[PDB]
Every structure is written in structure tokens, then in C-alpha cells.
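Let's start with one chain on its own, the form deposited in one PDB entry, as C-alpha cells.
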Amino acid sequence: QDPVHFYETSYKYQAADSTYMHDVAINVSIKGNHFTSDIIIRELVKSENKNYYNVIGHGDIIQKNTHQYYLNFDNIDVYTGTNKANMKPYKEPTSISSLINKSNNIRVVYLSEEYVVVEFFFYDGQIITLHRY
């Protein structure tokens, strides 16, 4: 019976040494306790787009309460390239490869029909708003 729900947002990241910034688009779709997600990262390292990353992930989303969820990835794939039109597979670094071995915590701090605000596991802790569609 589970209908598909769509979520989307973006954020910008400023590195500690401020030598680069990331513009990160997040798309996630949920059906029952299943999810698939696409994340696109545009790396600006000279005020100039010089790298792109595409991260695809899917797995289960488990509900502890109406405000507490966890993501159990079955697989995460990464692609890279200096042009979005010609992306190539990229060998997962063991750090990112190991996000599959951690139930990744998602805490809802505000829930609405048009958007949701969560604390989640990027950077070991990030607050973000996701828009519903």
C-alpha cells in the first residue's frame, strides 16, 4: 500500500581551510521502509567547477518513533568526473565504503506536510530542511 514520498534539498559546505566549497544536492525517495537516494556534489576549488561527484545509495529506513529513524544502506556507489555528462565509476574510499556498516541516525526535529527538519549523519552531525514532493 505504501506510496512513494519524495524529498529534496541542497546545501553549501565551506571547508575548514576555506580552499574549496561544495554545493550539494540531496534527493531521497521513500516507499514503506525502503529508500533510494541520489546526491550530487559540485566542487568549487577556485571559484570554478573543477570536480563533480555522484553518490547513489539505497537500503532500508527503519522507524523507531515518528521522530527517530535510521538508514541501513545495502550499497553506495560513487561516480566522478570533471563534466556531468561523462561521469566514471570511482573506487569508494574505505571511510565512505564503511557508511554501510553503521545504522545512520536521522532525528526529526520538525515535521510538516511540506517539509521536514532533521539532524542527520553527514559530517557526523548536520541540521537541514528537506522539502516534500
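Throughout, rigid core stands for the largest set of C-alpha atoms superposing within 1.5 Å between the two forms. Start at 1 with the first residue shown and count on from there.
Note that the form deposited in another entry isn't included here; everything after this is about it.
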Superpose on the rigid core and name the single residue from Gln68, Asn33, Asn49, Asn72 whose Cα moves by 2 angstroms or more between this form and the one not shown.
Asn49
Large Cα shift (2 Å or above) at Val109 between this form and the one not shown, core-fitted:
no
Once you line up the core, how about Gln14: does its CA shift reach 2 Å between this form and the one not shown?
no
